[PDB]
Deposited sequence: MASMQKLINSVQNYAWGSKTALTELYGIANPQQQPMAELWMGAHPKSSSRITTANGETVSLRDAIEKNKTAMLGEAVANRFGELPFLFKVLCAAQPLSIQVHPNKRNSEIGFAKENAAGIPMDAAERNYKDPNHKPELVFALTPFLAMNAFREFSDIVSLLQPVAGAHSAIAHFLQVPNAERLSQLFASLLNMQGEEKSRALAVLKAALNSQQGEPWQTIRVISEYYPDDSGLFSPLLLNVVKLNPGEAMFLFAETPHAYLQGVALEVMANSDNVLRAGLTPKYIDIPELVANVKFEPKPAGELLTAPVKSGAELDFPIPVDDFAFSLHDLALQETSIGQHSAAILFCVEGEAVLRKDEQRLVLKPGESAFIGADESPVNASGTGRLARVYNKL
């Protein structure tokens, strides 16, 4: 193993992935025009990155302290982050990540039931909650958290007659009635559901702009989904490149279009909340959602610039994320932990003593804790996932 290891990374060819994005952005080969949904950078047991070839997982397993650093070897016992490029060419499902206590419970329920971790029925893979950070690489359309009540009221007007639960909320717009509204919409069946959707679709022809536009787009993929009402309840966000959001527990969100970097745990817990053909346990979902608005001005995470470094402070010990402006003069990039460095744009030259490693856009390198620091020079920006402990 050299000081700096250029990663060979997995691309997950999920059907919702873009056939072109990784190629357009990074020159990643795709002669067969497969959907390319996620590019994984990390040591996940199902699909670890490789180094020159051996599994990064396997390499770390053989000297955790040297590779991870003492702090991470102590606190986590494994690489504590998975770093992805996500390319959403179709709108994805609305999801909720349960809080710590409910995660402990769900994890235990599933273990007690003997559900394999890998089963498609398995919803809880960690007895904990860790936030997730999403950072836009191209303009990125998403939903995140409930709108202020007055916003929801205004948006539900044109569809007040779609369902009695909508009328009920409008009569007294509060958290309790929002919860009831959310549950009622998800539980609509048969003609009740079709009538509600008919009202909404008629509205889509007499309302202009957002979120009505987002509903139109989603309806091309989920034309019979009660989740079509969701943009009226949840904030629709359009991230410009370089903007980011942190997904809090107990909060519905959805990735709808575009390319983003995602920093997340290796193992997470997901409850679905719409835009899915799958079964939803509504009582469980509702018991794990906080029906409280989040103001639009609070949706983006505010980064902090210090010299050439832009940190995105994350309220969790597990992982940290920064962007580094490259210059032709070297700057030192150092950390107490394993790091993954990813060239966002431009070109990065990494140097450790006499070793040099060039990263073109879309390429990444793993730096073991023992090998910090490395000097970076070039043009553009380098993204870093690491651990601050």
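- Not built in the structure, per the record, is the single deposited stretch 53 to 57.
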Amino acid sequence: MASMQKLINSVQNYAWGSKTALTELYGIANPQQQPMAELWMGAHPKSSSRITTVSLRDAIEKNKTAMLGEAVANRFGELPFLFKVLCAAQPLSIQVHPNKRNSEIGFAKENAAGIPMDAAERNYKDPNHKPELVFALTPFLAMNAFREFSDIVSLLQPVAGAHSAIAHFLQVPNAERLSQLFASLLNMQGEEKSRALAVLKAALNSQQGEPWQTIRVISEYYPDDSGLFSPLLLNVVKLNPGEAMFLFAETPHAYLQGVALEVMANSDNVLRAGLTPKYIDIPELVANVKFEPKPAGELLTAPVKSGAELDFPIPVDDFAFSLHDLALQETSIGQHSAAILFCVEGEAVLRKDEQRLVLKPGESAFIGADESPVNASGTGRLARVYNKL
From here on, numbers count along this sequence of modelled residues.
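- For the pair 211 to 219 and 186 to 194, the mean B factor over Cα atoms is greater in 211 to 219.
- 177 to 185 and 308 to 316 differ in mean CA B-factor, and the higher of the two is recorded for 308 to 316.
- Per the PDB record, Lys278 has a higher Cα B-factor than any other of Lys201, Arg147, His253, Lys278.
- Which of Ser103, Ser230, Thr138, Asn205 has the largest Cα B-factor in the deposited entry comes down to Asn205.
- In the deposited entry, the Cα temperature factor of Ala327 places it in the middle third of its chain's modelled residues.
- Sort the chain's modelled residues by C-alpha temperature factor and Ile60 lands in the middle third, per the entry.
- In the PDB entry, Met36 places in the middle third of its chain by CA B-factor.
- The entry lists a Cα temperature factor for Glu345 that places it in the middle third of the chain's modelled residues.
- Compared with the other modelled residues of the chain, the Cα B-factor recorded for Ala265 ranks in the middle third.
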